[PDB]
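Going by the UniProt record's numbering, the sequence shown opens with residue 187, and the numbers climb by one from there.
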Amino acid sequence: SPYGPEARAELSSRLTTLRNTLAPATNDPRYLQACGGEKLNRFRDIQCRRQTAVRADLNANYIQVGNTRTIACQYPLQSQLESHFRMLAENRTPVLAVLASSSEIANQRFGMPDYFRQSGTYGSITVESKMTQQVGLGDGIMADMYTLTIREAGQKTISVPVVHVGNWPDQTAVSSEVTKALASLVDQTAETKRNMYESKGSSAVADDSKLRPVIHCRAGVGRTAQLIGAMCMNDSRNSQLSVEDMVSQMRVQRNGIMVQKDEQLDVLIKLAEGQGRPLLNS
């Protein structure tokens with residue numbers, strides 16, 4: 187009954203109203219606007235909530251779902267790489283979860299720079315990429331891991347662990363089991379890195395805007411929001427947070443597209459049902 191078709195229809199009803207309400211108008215005061223002709227949004231209709239924006243020149247948002255703090259963003263445009271690396275470094279990023287497939291990255295028509303699998307130089311920043319483990323997530327889905335070492339003259343050098351799932355197709359939902367395994371790996375990777383900073387006495391431990399996992403796919407609304415939803419359900423602090431809560435929270439803090447496809451919502455619903463977590467707010 188609480189996960190039956192009636193509840194699911196009501197959940198979709200409430201979220202569909204929120205999605206349409208949050209659709210961006212022209213020059214919408216709720217959304218970050220391109221500065222002076224330079225492309226900001228990878229997709230014209232997938233925009234960045236202004237009040238939770240991380241940087242004025244990125245399509246990227248601070249997201250807090252219940253207690254779980256993350257950053258969701260689009261795949262950075264080529265012009266945005268320097269700012270993107272600065273965001274990663276200032277955030278002391280404990281894990282960067284990239285869900286864009288290798289074929290997407292390879293397709294030059296899509297303009298998705300290969301910024302974490304190769305070393306490169308972007309403005310004042312030089313990035314060293316090293317390969318580390320590879321972790322199977324199930325159903326043949328593979329997480330390839332890396333460290334990005336971000337260097338800049340006069341700046342503290344920051345190394346960012348990277349979890350790249352290279353065979354999760356766009357506009358699809360991998361199974362609840364694969365999502366659960368990926369969420370565990372991302373959470374685990376961030377906890378190892380966060381612990382390091384804590385053992386070092388980093389001042390970023392006391393900063394709510396820092397030490398946030400950064401998650402992106404291509405647009406930062408589909409596979410990205412599925413993972414963020416799964417991660418928030420692994421947080422023991424989020425007892426009783428509903429699926430309506432978590433999707434509504436992602437949408438108000440980024441855009442109305444968060445959790446783009448019904449199959450992505452269905453993964454979140456199945457994970458909630460496994461935990462006895464409510465779909466609907468009373």
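The beta carbon of each residue, even a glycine, is placed where N, CA and C say it ideally should be.
Would you please state the rounded distance, in angstroms, between the beta carbons of residue i and residue j? I believe it to be under 8 Å.
{"i": "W354", "j": "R409", "result": "6 Å"}
{"i": "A242", "j": "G406", "result": "Going by Cβ atoms, the distance from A242 to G406 rounds to 17 Å, so no, they are not a contact pair."}
{"i": "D325", "j": "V372", "result": "Not really, about 17 Å apart at Cβ, beyond 8 Å."}
{"i": "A283", "j": "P399", "result": "6 Å"}
For residue i, write down the residues that DSSP places opposite it in a beta bridge.
{"i": "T335", "result": "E314, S345"}
{"i": "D300", "result": "DSSP lists no partner for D300."}
{"i": "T307", "result": "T312"}
{"i": "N253", "result": "Paired residue(s): none; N253 is not in a bridge."}
By a C-beta neighbour count over all protein chains shown, 10 Å radius and 16 as the cutoff for buried, is residue i buried or exposed?
{"i": "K366", "result": "buried"}
{"i": "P280", "result": "buried"}
{"i": "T358", "result": "exposed"}
{"i": "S269", "result": "buried"}
{"i": "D231", "result": "exposed"}
{"i": "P191", "result": "exposed"}
{"i": "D431", "result": "buried"}
Can you give the Cα-Cα distance for residue i and residue j, rounded to whole angstroms?
{"i": "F271", "j": "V240", "result": "12 Å"}
{"i": "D330", "j": "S288", "result": "11 Å"}
{"i": "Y383", "j": "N277", "result": "12 Å"}
{"i": "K379", "j": "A275", "result": "13 Å"}
{"i": "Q219", "j": "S187", "result": "44 Å"}
{"i": "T254", "j": "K225", "result": "30 Å"}
{"i": "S425", "j": "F229", "result": "35 Å"}
{"i": "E314", "j": "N293", "result": "23 Å"}
{"i": "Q450", "j": "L368", "result": "14 Å"}
{"i": "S362", "j": "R463", "result": "15 Å"}
For residue i versus residue j, is the C-beta spacing smaller than 8 Å?
{"i": "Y301", "j": "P347", "result": "no"}
{"i": "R404", "j": "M298", "result": "yes"}
{"i": "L466", "j": "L285", "result": "no"}
{"i": "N441", "j": "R235", "result": "yes"}
{"i": "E459", "j": "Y217", "result": "no"}
Is it the case that the CB of residue i approaches a heavy atom of the ligand MG more closely than 7 Å?
{"i": "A209", "result": "This structure does not include the ligand MG; it has no bound ligands of any sort."}
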